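Chain naming follows the written order as A, B, C, D, E and F, and within any one chain the residues start at number 1.
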Amino acid sequence: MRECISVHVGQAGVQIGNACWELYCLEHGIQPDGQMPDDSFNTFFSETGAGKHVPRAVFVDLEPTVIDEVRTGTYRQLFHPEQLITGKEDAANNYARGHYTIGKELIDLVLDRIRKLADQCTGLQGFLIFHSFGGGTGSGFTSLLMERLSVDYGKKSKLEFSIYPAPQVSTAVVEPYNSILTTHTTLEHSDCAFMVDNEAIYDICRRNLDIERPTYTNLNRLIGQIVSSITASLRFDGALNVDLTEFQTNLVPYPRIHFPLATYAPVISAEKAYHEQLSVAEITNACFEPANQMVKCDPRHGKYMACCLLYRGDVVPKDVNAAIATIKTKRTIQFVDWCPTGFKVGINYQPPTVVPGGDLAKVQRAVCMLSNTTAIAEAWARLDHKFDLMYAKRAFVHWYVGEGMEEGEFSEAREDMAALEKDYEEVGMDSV
Amino acid sequence: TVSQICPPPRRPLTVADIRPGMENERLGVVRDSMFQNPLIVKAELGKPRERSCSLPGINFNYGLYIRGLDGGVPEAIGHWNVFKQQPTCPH
Amino acid sequence: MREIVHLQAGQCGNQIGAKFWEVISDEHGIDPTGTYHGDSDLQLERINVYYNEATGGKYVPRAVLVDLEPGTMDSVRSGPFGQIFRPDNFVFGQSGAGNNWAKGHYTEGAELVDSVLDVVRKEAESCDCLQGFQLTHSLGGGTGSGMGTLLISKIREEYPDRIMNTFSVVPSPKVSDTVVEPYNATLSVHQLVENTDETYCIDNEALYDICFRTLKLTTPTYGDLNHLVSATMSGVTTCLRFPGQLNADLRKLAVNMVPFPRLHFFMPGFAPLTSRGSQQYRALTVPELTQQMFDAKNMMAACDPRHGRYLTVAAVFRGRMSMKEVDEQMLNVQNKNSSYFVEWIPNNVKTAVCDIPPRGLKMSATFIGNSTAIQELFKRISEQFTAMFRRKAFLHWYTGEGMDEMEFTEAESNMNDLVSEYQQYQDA
Amino acid sequence: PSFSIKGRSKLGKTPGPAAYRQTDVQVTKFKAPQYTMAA
Amino acid sequence: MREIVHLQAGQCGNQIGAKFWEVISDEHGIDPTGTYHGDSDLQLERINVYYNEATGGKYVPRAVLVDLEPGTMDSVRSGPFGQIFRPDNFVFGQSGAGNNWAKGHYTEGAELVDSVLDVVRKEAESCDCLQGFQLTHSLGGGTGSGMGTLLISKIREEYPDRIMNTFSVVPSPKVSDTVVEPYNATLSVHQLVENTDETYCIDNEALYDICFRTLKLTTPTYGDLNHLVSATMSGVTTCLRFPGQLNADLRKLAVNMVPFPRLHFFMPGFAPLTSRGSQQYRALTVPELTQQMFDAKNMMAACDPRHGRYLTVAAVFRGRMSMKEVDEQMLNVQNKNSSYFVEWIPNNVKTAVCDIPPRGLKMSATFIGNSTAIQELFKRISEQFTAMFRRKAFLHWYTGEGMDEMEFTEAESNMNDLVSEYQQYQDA
Amino acid sequence: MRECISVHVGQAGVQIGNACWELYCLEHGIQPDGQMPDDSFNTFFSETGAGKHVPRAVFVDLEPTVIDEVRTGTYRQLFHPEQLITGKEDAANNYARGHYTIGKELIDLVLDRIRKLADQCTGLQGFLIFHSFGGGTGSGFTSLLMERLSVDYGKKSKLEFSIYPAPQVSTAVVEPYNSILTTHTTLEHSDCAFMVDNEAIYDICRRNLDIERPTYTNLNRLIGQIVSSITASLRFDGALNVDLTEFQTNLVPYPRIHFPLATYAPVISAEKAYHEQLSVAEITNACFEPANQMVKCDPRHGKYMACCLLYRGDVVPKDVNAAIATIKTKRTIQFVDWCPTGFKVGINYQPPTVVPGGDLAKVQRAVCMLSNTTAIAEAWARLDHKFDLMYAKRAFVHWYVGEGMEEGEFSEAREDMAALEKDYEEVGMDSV
């Protein structure tokens, strides 16, 4: 009865997707090919005939390879042969190439699949889009996608999972530009864009998870576990379950300011705990430690506004309060003067699953913490200043302006960027 | 798949099923794999795409057809059966 | 002859209502199936109060299960006594709630309200004589706070003379499991202060504290926590069903408790709560059962009755006891702790004694009181409101349905009025 | 018993089959070539 | 004794009627063949009311099946109950009864009426006191409405006194199976507010609701819907085939249930309409069937019974009850909802208690109530007409089989007249 | 008892006739030999003495090749040896040839056998033509047939399944001539002229049937399922069966306005139907979409008038009726203000029998929509505009007048099209 259409867009998304759909299939119980050898599957799957559980996804890529490999892999006999919409020419790291040019050609074939996936649904609690603030396919398309879906489908909470440009490491030369433009078409057509940055994921899996040389694969499984956790309540059982509509009213604290972080804490190396098992008391502190933050932004330089702590496993109802208490007393952890409360517990029962051949252990607890801390202000201020350096001497604008984007748009985007700045500054200045 | 109706399932095209004459009579090496992925797979004269997968037989029923535990109106009206107090064994 | 119904509203109240029908059905002998397998005869003679007889001997609990998400009655149906309820009063809305008092009361609330009032009435008409109702809700969120306070509104004009009993987990000071909980309680307790005569305010902090200082249990879940709640839930209405000495129903308690119509916020308590490790020296004398009631550690609300005088005490004693020893100990508590009891009222206790104790325990009582110190709870949550409301944090998602700033500045003013008149009598 | 008549409760998304101007084969699928003259 | 001629004309009625014959055969213990295989004498004593007789005891059903398409003929023939019907009574006509009001009332249809009335006569004559006419039809098609209003006209002239008990499936909003129903409807009502006394208006938009929200089914077919209709059909005649404390015949169901001459369009309904799930959590008492008789979700027609002060209602209670209850439970309902009942008629209820309960349900009832609510059903088809007329719509096939613009204006006029009649009292 | 006379005329109609009779044979138990190894074959299979089931048809074309193909091909021991009416020249893509020359030297030879067909069994519900509007026998011979059979027989409903010119796709240079020249003698004697395009089915065979190389045989089986559905409600038992003389009475409002549309809904292959649950909800939601209309015509531009939804196979009637109420509350299929109704329903008890070794998946459900919308006027202006570019100087006219033709009808056919264009236009506006 609860459904969540998943629009995996761009290489980044299709990749995070094949990591998330494996995690999902295992959790429920379908072999990578459908055919389960119960209402859990429903949230992320739909049965059709003699055991052909198909997913609720729509893989989208203006380029034709990341989805081609999904079409000729092991999960080939799972996704509908029509849900994996590919395309032709790519988006050459060009917001314009997607939003205005190339992109404007597949938008129809994606929103009609979205249409079909939702007429078969009986309770769309929210869409799950997987984008990346790096290039057109992940920026421009997801923008057009959002705008259309925003009105076409309606108030259905479109929640998105984004990979923000890291404050030092990057795989592009135009990322400052691409990302700022994405915000102009996301700060108003989304409700919670749980962000993440590879640089930090490449440290979680380098300081905690003892794993050097991590590839994309071993950096999306962790992203999969965060998303799996935020969608576990509306899938299995629990004690203080949180529906997708409550991860909003209990997180976003003002019209905008809708960008939660993430901190799965019991990330434990495979060959490690032989005589130990984390307990709520410390598993909580772990997520607040300024070193598990999957999005780089000194969490101390700010003021945690609201906080949602999803506990999956043998978490007891009264020990989460013990944790909450100490955390609130810890001086460092500063909570805004406007929010006297500041937590939302979710004691689900299903223990974090184990990708058969990954880097995670079998911990009987978890603390996926989605937090909204002012800190992210700086975490995007960096990108904003990087934009300043390039635009100043009109650099790489020739390419975007020559695909259908008035050069004016860039400046207007910085206006909306500098807006969320004063906004994040404002949502902190202690009440007089 | 195989258990889906005891007649044999629709096997994807293999080496031995290649005949002389059609456009898919492929020059070079002929193993079981290139006809099982679609970008080497070309089109023939008015056929589906090479299924690339193990699909069930011709007589298989596609889609879900719900057979609910029912009987309907001459069950809800035709018979009034109350909860039966079952006699427990004397402990 | 006598009837009360139950209205399970919210994730809290439905699971508390699961505990309600497994401590009552065992108190008078009904099985998970619904068949009567008991020993004594004086437990089917008043079955009509909480149950409706069916053909063959099955007794169904007269109780609706109200929510705005199918998940919590999928849980209570799968529970051990999830077959005892009618499958017709399992009414459920399909769209969610989002812990919004706004959305569970004005927009997504106003689809189930006719449907629940259709199934409230179908039981409440089918009586000989009504005395009142029962609605276990949260007061800390969506379905419990929002839908629940709409029920106590629409159910009020429709029967305007029945004992409307509402149960509520007040949002604890330190414990917070909901970020919008002062934005849910304050607007909901606004409606609670007019169309409700008996409401027993429970919390979650002190319920944990009873489990760690009296029961000594190092793992209190949400099952054993609500069993302590369900002990009060029985005890105030055991005098309805089970016979005995000097009696007191619900209208009685009220008349012998609520002094002025606004001031009706009550505090529960279970008297013979002992640690599970106790096995020897079993003699629950009355002079030690009176001490575990008037101490501020079995108080099932956050506020302590030391920081303010009482108004009225109700003690529904259960078991076989010699009421001379009962009355003399109601005297001593007044005289010894003389400052923490009203002087403008001469006698500040009510006594009620049944003849049938709870299953197991040979002697028991239920403490119902209203100290004037619960204004500390109502002032702290006003401070939890005046810091959120002053510069409008979560309001952009509560004004989205059409409730503007007018309903918030009036609720806080009524909240301050509830603080002010509740405190002006403590000065006396 | 009291009794009274009741009934006809109010209770008991997708934008359109149409709209969504649907595109052609030269989009996500194979393109037949164009064939200019010779000069 | 008192006989009831049964005509089956139409596509819908044909099946509703065949289904009725099974829900009337079981009661009188007639096996599909024709022999009696019951157990009591309290069924063969009236095997001469809805059934006739035969050398040996092949009690053949006194029916006359009619349809200008030999489709339903073999459809019915090859069915649960077919052989029993009279091979000769299968008067059909290999033709095209194209859904058109001017098909079976003016053209092809009229070229069979002769042979139809020929059969109707044979039976009517070979019988004692005849009483009424049982036509199962559909007020939204060709044969159903056209041939229907023809057979009924050419029978209220050959047999004036005898009453006319038709059963029609009036058109509605949601359920829509033809495109020219609005016409087929209005045109039929014309010759139904002038030549009938017992028109039981059933719908498919509320019957499906009953089979989805009350008998909670997952595959409500066409047999299911018809079985509910068949029940009330075999319910309004129970006091003419089985004994009863207070009996009520079809003329008693006329002098009492028809206030003014034109207001004769009634709505049907059954009582034990609960699903198996709850058919063990609820008892079947006279003080219970009454709510399952006075509830919009137990009426097999739409039109919220609320928006309309009900004029006259009647409940053929069946089984073994106590009129002391029947009388009072009816009385309560009346004064309890006085506002929704009428005033110019002091008493507004007729109790008829039989002694024989429907196979199974030990206590059943059929609710036939004339309300000022059927006006909406006759106003929706009127607005439908307007639209498909202002711009002469599918009239090029009506005004081509011998019709005239005048006829449509006439029908609509006489149609809106009934609305005014069912309103000129409602206001009072 | 029940009857439908299927006349197959022209190059196109014979080709459809080869494929549509495959469906009718395979539904029943007649092997192509002719002998059967009860009362359901009496509409398309006249019974004999031995046990043979000679079909109720007549095959006629001036071109010897198409009929000689049937006179040499496998369906040859079942066909009557004389009903294969073979001409001796060719209609030559010429309305002149077929209507006022060698067409009227084959009339008595085809009108004798079609008269011999009526007198051998009773109950003639209607008349089934199979032709094309393109250039020759499907315009010349078809015209003279259905004008002459409208007086010799009488009144029984005359249905045609023509192949209308696409606004792009065309295999002749004078189609618009020989399409407006067969609308004067179509508009006055054809009760419902079910036009079917070529471009659309090319697209339908590509997206959904997934053929990127479709030949004419695949184009005619899909039409073969269309003609099977309308003739299955008079051939097999059901629950709301329609008859061949009543879906006229509910699809054509005005006497001039009579041209319908057509759509088969389970039109999808094997590698998608195992992936999809073809339930009642979207099998009626696939007829209304602009990608399954078998005529290339914008179904949104132009508001809908009447929809005769021929269901087939196992559909539960409530599931239909609730799904119909959905298609009304959604706001892109605009229905007429002059009928608040507009949805004829009908359910058969026989599932679709796909020809084995065929593209179509074998599904126990079907919705054969027979639409009638005010959009096909915009699909008529396209052929009308073709007339206004070749009549400005009167090209390709010397073949017409040369055999024999007045030049009067050319202007007279245009004002007939101007009448039909204006007729499908006044039935859209509101009267206040």
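Everything below uses one rule, namely that a residue touches a chain if its C-beta (ideal position, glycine included) is under 8 Å from a C-beta of that chain, and two chains touch if they have at least 3 such contacts.
Path length between subunit C and subunit F in the chain contact graph, taken as the least number of steps between touching chains: 2.
Taking the mean of all protein C-alpha atoms as the reference point, the chain centroid lying nearest to it belongs to D.
Across the two candidate interfaces, B-F and A-D, the one carrying more C-beta contacts is B-F.
Between the Cα centres of subunit C and subunit E there is a gap of 52 Å. Between subunit A and subunit C, the centres computed from C-alpha atoms are 41 Å apart. For subunit E, residues touching at least two other chains, in rising order: 211, 219-221, 274-275, 280, 284, 287, 291.
In subunit A, 47-49, 112, 119 are the positions where the chain touches two or more neighbouring chains simultaneously. Multi-chain contact residues of subunit D, defined as those touching 2 or more other chains: 1-4, 6-7, 12, 14-17, 20-22.
Residues 271-272, 274-277, 281-282, 285, 289, 291 of subunit F are the ones that touch subunit A when the two sit in their complex. Contact residues of subunit E toward subunit F in the complex are 69-71, 74-75, 94, 96-100, 142, 174-182, 204, 208, 211-212, 219-222, 383-384, 387-388, 390-391, 393-394, 396-397.
Across the complex, subunit E is touched by residues 1, 39, 122-123, 125, 237, 239-241, 243-246, 248-255, 306, 308, 316-318, 321-322, 324-325, 337-346, 427, 431 of subunit F. Those residues of subunit F that touch subunit B in the complex are listed here as 209-215, 217-218, 269-271, 273-274, 276-279, 314, 356, 359, 361-365. Residues of subunit D touching subunit C in their complex: 1-4, 6-7, 9-12.
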